[PDB]
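Respectively, the protein sequence lines represent chains B and A. Read in order, the letters of the first sequence correspond to residues 224 to 294, 297 to 532 in the authors' numbering. Read in order, the letters of the second sequence correspond to residues 224 to 532 in the authors' numbering. Here a beta-carbon is modelled for each residue, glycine too, at the ideal position from N, C-alpha and C. The structure under discussion appears below in the form of structure tokens.
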Amino acid sequence: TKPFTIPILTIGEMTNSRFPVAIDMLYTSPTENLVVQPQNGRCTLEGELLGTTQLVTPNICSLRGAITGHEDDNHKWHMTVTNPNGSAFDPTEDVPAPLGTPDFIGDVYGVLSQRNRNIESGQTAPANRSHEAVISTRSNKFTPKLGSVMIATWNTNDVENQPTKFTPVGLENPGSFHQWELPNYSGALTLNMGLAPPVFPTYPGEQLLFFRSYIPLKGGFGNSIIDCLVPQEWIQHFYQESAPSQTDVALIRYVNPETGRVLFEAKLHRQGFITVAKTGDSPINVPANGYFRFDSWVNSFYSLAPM
Amino acid sequence: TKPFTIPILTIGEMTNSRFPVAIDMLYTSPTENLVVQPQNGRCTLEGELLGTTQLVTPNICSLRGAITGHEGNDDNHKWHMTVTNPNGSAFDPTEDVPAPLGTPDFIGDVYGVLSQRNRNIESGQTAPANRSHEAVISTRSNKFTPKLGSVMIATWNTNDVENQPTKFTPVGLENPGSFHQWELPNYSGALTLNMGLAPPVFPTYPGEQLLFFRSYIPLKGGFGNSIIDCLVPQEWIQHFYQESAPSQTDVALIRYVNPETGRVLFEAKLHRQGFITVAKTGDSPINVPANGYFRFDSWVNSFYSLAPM
């Protein structure tokens with residue numbers, strides 16, 4: 224049986240698995256009134272990717288395809306969504322949406338870029354254009370499972386019916402952002418399919434631990450953040466290793482790699498999320514120059530040292 | 224000795240180590256008249272990071288700090304941005320490093336988005352103000368001085384940039400004409416020389432060329448098919464950094480393999496310095512499916528005669 228292992232990259236060396244930014248801190252908060260069911264950043268400890276999770280870090284919250292028309298001088302465009310190489314995806318697969326699709330309600334802010342498929346007479350290279358843009362996941366036109374989304378620009382109609390990529394930067398505004406509310410991947414009054422399941426602690430006195438990142442804002446008063454369940458680099462590691470899980474819970478210790486000092490312990494559940502013995506809403510006051518070390522397979526009722 | 228290993232992620236599962244985008248293809252080209260000396264994406268096979276190389280994928284070609292006002296007094300599109308570590312702390316400039324880690328390593332007009340979250344909370348508010356705008360960091364400006372702690376950042380907007388904490392998220396290039404991917408910028412400005420550079424790389428065995436992991440890089444406008452080549456993927460850097468396996472010879476023999484069928488498509492030399500050569504001449508894409516990975520098969524000599532592609 225291949226032994227289970229976790230990367231030794233520190234928090235300050237890894238990336239959020241729900242938005243392509245560095246991890247800023249660890250965080251914990253009560254969630255009994257919330258359904259925590261993200262679709263990016265989902266991988267079991269045996270390396271099974273779930274939800275919309277894929278492996279390319281800059282592709283998290285990215286979509287690509289081609290614009291095919293307007294969606297009234299409203300600067301709204303109909304964008305097909307394809308696989309990364311431009312091929313149509315198979316919409317019968319038991320997956321919620323194309324991999325990497327945003328997994329939250331909000332107005333995702335970024336840049337629309339296009340490189341034409343044709344070369345005009347007199348040229349040797351294709352034309353290009355890029356503009357700031359927004360993909361609103363709360364629009365009735367956000368239908369990525371059906372192969373299209375609406376993408377919007379500000380004060381420019383300079384968009385062609387050409388291959389298009391969306392590079393995410395942040396959110397357009399903070400007020401419409403609800404990070405644990407899933408969009409309708411097939412549009413209004415339809416239900417989602419192929420979802421990664423909700424996650425929660427099952428042992429008394431525990432809370433979820435999150436890897437938290439600040440997320441930029443186009444405008445507005447806010448201090449927006451986004452929380453993921455494990456770093457993207459852990460997903461890549463487990464996917465490659467595919468080590469069998471011997472119990473439902475791995476005991477992990479947060480360790481300073483320079484001194485060996487152990488700062489706290491936690492449970493890494495087979496389903497791909499972490500719990501800690503801490504109550505309340507709080508950052509985790511540890512240095513970013515620490516990593517989680519796998520120490521033992523344990524029972525689900527192992528009593529963690531309280532933080 | 225700890226055995227040397229390479230990730231089994233396929234090309235289509237990995238990221239370019241010189242710009243934060245997926246790898247699109249493998250490519251080879253003659254380079255005898257070029258000095259191939261990138262500063263991002265540099266790591267020895269024993270895990271020693273070189274140049275400006277760091278491990279956070281989205282921080283490649285990113286800079287952060289604070290805007291202090293306009294750059295000069297003759298152009299309201301231009302702003303002076305301090306450059307700090309990601310947490311906002313001043314970096315130590317006496318380090319034998321060419322520039323803050325992740326600084327762009329090429330001549331060009333880097334296109335992206337400047338975002339600001341204010342350090343202050345106004346009366347009547349519980350959260351800071353924010354603003355983002357399209358922006359350009361030109362590495363050919365005499366005000367591109369990241370080793371001295373500042374760069375000039377330009378916007379099309381002329382009046383909605385505050386003297387506040389600022390981050391630049393790279394997206395691509397403003398134009399293709401000024402982009403020279405193998406030309407290094409002056410990290411300390413005009414008529415100064417760069418320090419702490421990762422060295423140039425080149426094939427030494429006759430009939431060989433460098434192999435690159437190539438990505439398309441977006442353009443704000445213009446006629447062009449801009450690309451950026453890296454020497455190894457970012458995930459390989461992260462792997463070698465963590466493993467720190469001793470290099471037993473100067474060259475690791477690697478084979479490009481389909482993980483589903485075991486079919487070997489070609490072989491290559493992975494040099495201890497952190498780059499790949501192949502037995503191929505001419506400018507050409509490598510016509511293989513992206514669903515393959517490089518497998519480490521043996522330590523060999525620098526004069527191992529590769530099977531010609």
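Straight-line spacing of the CA atoms in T224 (chain A) and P469 (chain A) works out to 7 Å.
With fewer than 16 other beta carbons inside 10 angstroms of its own, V258 (chain B) counts as exposed. Listed along the chain, the chain B residues whose CB falls inside 8 Å of the CB of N448 (chain A) are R340, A350, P351. Residues of chain B with a Cβ closer than 9 Å to the Cβ of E406 (chain A) do not exist, since the nearest Cβ in that chain sits about 20 Å away. For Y464 (chain A), the enclosing alpha helix (DSSP H) covers residues 457 to 466.
The beta-bridge partner set that DSSP reports for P393 (chain B) consists of B:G335. Between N239 (chain B) and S438 (chain B), the C-beta spacing is below 7 Å. DSSP, reduced to helix, strand and coil, places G235 (chain A) within a helical segment of the structure shown. Residue contact check for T238 (chain A) against chain B: a CB pair falls below 7 Å. The beta-bridge partner set that DSSP reports for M304 (chain B) consists of B:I290, B:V374.
Taking C-beta atoms as the reference points, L493 (chain B) and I477 (chain B) count as a pair closer than 7 Å. Boundaries of the beta strand (DSSP E) around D452 (chain B): 450 to 453. Within the DSSP bridge table, the entry for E490 (chain A) names A:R478 as partners.
In this structure, DSSP gives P230 (chain B) a state outside helix and strand, which the three-state scheme calls coil. Counting every other CB atom within 10 Å of its CB across the protein chains shown gives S449 (chain B) a total of 16 or more, marking it as buried. Non-local C-beta neighbours of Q387 (chain B) in its own chain, meaning closer than 7 Å and more than five positions away in sequence, comprise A289, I290, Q339, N341, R342, ordered along the chain. Fully enclosed beta strand (DSSP E) runs of no fewer than 3 residues occupy 516 to 523 of the stretch 499 to 528 of chain B, in order along the chain. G235 (chain B) is positioned such that its CB atom lies no closer than 7 Å to that of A421 (chain B).
For the stretch 425 to 456 of chain B, the beta-carbon criterion of a distance under 8 Å to any beta-carbon of chain A is satisfied by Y439, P441, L442, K443, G444, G445, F446, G447, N448. In terms of beta-carbon proximity, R478 (chain A) stays away from the interface with chain B, with every pair separated by 7 Å or more.
In the structure shown, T280 (chain A) adopts helical secondary structure according to DSSP, grouped into three states. DSSP places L433 (chain B) inside the beta strand (DSSP E), whose first and last residues are 432 to 439.
Of all residues in the stretch 307 to 326 of chain B, those with a C-beta nearer than 7 Å to a C-beta of chain A are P309, reading in chain order. Counting along the chain, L249 (chain A) sits inside the beta strand (DSSP E) bounded by residues 248 to 251.
Rounded to whole angstroms, the separation of the alpha carbons of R241 (chain A) and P327 (chain A) is 8 Å. If you check the CB distance, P441 (chain A) and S355 (chain B) come in under 7 Å. The beta carbon of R287 (chain A) sits no closer than 7 Å to any beta carbon of chain B. About 5 Å separates the beta carbons of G335 (chain B) and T392 (chain B), which is inside the 8 Å limit, making them a contact pair. Cβ atoms of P456 (chain B) and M237 (chain B) come within 8 Å of each other, at about 4 Å. Sequence-distant partners of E397 (chain A) (beyond 5 residues in either direction) whose C-beta falls short of 6 Å from its own C-beta, in its chain, are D332, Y334, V359, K443.
Annotation: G325 (chain B) to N282 (chain B) spans about 6 Å, alpha carbon to alpha carbon.
Taking a Cβ-Cβ cut-off of 7 Å, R241 (chain A) has no neighbours in chain B, whose nearest Cβ is about 13 Å from it. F402 (chain B) counts as buried, since at least 16 other C-beta atoms from the protein chains shown sit within 10 angstroms of its C-beta.
Using a CB distance below 8 Å, the part of the stretch 371 to 390 of chain A facing chain B consists of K390, ordered along the chain. Between the C-alpha atoms of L529 (chain B) and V501 (chain B) there is a straight-line separation of about 7 Å. Assignment of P469 (chain A) by DSSP, reduced to helix, strand and coil, places it in the coil class.
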